[PDB]
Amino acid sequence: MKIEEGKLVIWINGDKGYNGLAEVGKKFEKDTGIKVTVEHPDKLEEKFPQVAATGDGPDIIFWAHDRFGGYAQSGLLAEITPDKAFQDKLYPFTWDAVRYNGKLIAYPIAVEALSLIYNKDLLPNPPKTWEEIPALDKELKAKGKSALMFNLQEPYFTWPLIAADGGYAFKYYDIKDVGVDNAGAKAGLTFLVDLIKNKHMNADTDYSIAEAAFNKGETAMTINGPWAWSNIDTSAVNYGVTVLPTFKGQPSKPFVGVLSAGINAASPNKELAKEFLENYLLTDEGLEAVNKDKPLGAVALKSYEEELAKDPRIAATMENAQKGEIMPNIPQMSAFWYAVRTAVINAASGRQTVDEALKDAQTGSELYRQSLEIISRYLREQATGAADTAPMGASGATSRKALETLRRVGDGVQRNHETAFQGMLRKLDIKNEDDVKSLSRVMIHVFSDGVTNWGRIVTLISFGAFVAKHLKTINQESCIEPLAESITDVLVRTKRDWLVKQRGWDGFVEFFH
């Protein structure tokens, strides 16, 4: 099994206090003889699910809590079971952030929210509104400075503004209700785009560029989290940390993250990982070592948070946090961020209009759920002979028309392939939920081998329906939902970009109209 026993490998993002974490690791080694390696791989949040699915990767992964539901759904995390006395050492709301399907899937570390960071020597009174920024930038440009620079390549940083006037990810979670392309989101992202068009900001600005400009005194404000304050301390900029500006009179609403540590389900060192996280890291001295390297924010550990809470920068962080919302941890968060990242980048660069960009983001964010709705309904009605009577939601005319198209087209595909499907089904031993796991390997492989088009997607789904009929016949109707989920995963994981390019299921209805 790929992960080595008797050592701990930890992954944490490169903007965090990884040298402090490695000090905690040295302490552990001194008491236990177990060496701890801390690494900060690029794109770790994307790499983890790839490697862990093979039984490889780090023993411990640190990331905000939003990615952890996806990893837990995929079976990539160990359930953690801290006892009552340990649970009571942390804030309950930090535990809530790492609860998925009623199980704790990670240890919470610290609460992170973005704030407005400003240079007090350039801007003694920071703007209370977004709307006053253009005028401020004009005033600053006369003196060779700019008003505001922040990372436009990661949507986390633009989210507070998108959300201010009513953008939202998933309504509180109703995965059916997505608010990425509503009027509020459009208003916020249009304001950003106008800043860029009026040369108050540059579309190419990334994390490093914005940090460098702020810490060199070139720009009067940035938007960043507590991890950033160490580099600003070293630069000797006189800075303040404050509430984000309002937009259309309403607060900026940052997405609040709880930095959390999960244990790899494939680790043979789970007991050492638990001992390290509970008895070395989540202690006053452990968190202090980390926080001294790069500030964590509002830590989850009550004893130590009471000391940090007196710092005005933490107060500001918590003020922004209360105006914001805790991120969801559901599995489609990954897709939501991918869609939104592209929409912001393309709207900023002018490759797409705001309307265009947010439409595509809404399609991408809704794709898994919409696909599972169609596929699960078609498989279940095929298997049983009766349609599901529940409505689709308020966003569900697309689901409905896609199901109707699928019935029409799929009737013929199953009819014409009945002999071939009967043959393929016989080769396979599909008798219970264990077997369906295997099918995913087969179905991915077979599906990916050929060309990408709607006809072949209909054939994949049609075979799924043929299997569902068989499942029902042998009293394994409970396997139909897992089959539908597995087909949906295959389809959206391998064809997401192609699907969004087609306008999702509306494209399907169009192709076969």
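Residue indices: 1-based, along the sequence shown. Throughout, rigid core stands for the largest set of C-alpha atoms superposing within 1.5 Å between the two forms.
Asker: Compare 430 to 438 with 96 to 104 and report which one shows the larger root mean square C-alpha deviation from this form in 8 other deposited structures of this protein once the rigid core is superposed.
Answerer: It is 430 to 438 that deviates more in 8 other deposited structures of this protein.
Asker: Consider 439 to 447 and 361 to 369 separately and indicate which one has Cα atoms farther, on average, from the shown form in 8 other deposited structures of this protein after rigid core alignment.
Answerer: The answer is 439 to 447, which departs more from the shown form in 8 other deposited structures of this protein.
Asker: Between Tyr172 and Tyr173, count the deposited residues left without coordinates and pick a bin: none, 1 to 3, 4 to 9, 10 or more.
Answerer: According to the record, 4 to 9 deposited residues lack coordinates from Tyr172 to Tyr173.
Asker: If you take the mean CA temperature factor per stretch, which one wins between 358 to 366 and 174 to 182?
Answerer: Comparing 174 to 182 with 358 to 366, the higher mean C-alpha B-factor belongs to 174 to 182.
Asker: Averaging CA B factors per stretch from the PDB record, which one is higher: 306 to 314 or 126 to 134?
Answerer: Here the higher of the two C-alpha B-factor means belongs to 306 to 314.
Asker: For the listed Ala339, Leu189, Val442, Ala387, which has the peak Cα B-factor recorded in the PDB entry?
Answerer: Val442 has the highest C-alpha B-factor of those listed.
Asker: Of the choices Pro160, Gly257, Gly393, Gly225, which one's C-alpha carries the largest B-factor in the record?
Answerer: Top of the list by C-alpha B-factor: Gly393.
Asker: Using only modelled residues of the chain, where does the Cα B factor of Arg67 rank: lowest third, middle third or highest third?
Answerer: Within its chain, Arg67 is a lowest-third residue by C-alpha B-factor, going by the deposited values.
Asker: Classify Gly423 as lowest, middle or highest third according to the C-alpha B-factor given in the PDB entry, relative to its own chain.
Answerer: It belongs to the highest third of the chain when residues are ordered by C-alpha B-factor.
Asker: Which third of the chain does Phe463 land in by C-alpha B-factor: lowest, middle or highest?
Answerer: Lowest third.
Asker: Which third of the chain does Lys248 land in by C-alpha B-factor: lowest, middle or highest?
Answerer: Middle third, going by the recorded CA B-factors of the chain.
Asker: What third of its chain, lowest, middle or highest, does the C-alpha temperature factor of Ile457 fall into?
Answerer: Answer is middle: the recorded C-alpha B-factor places it there.
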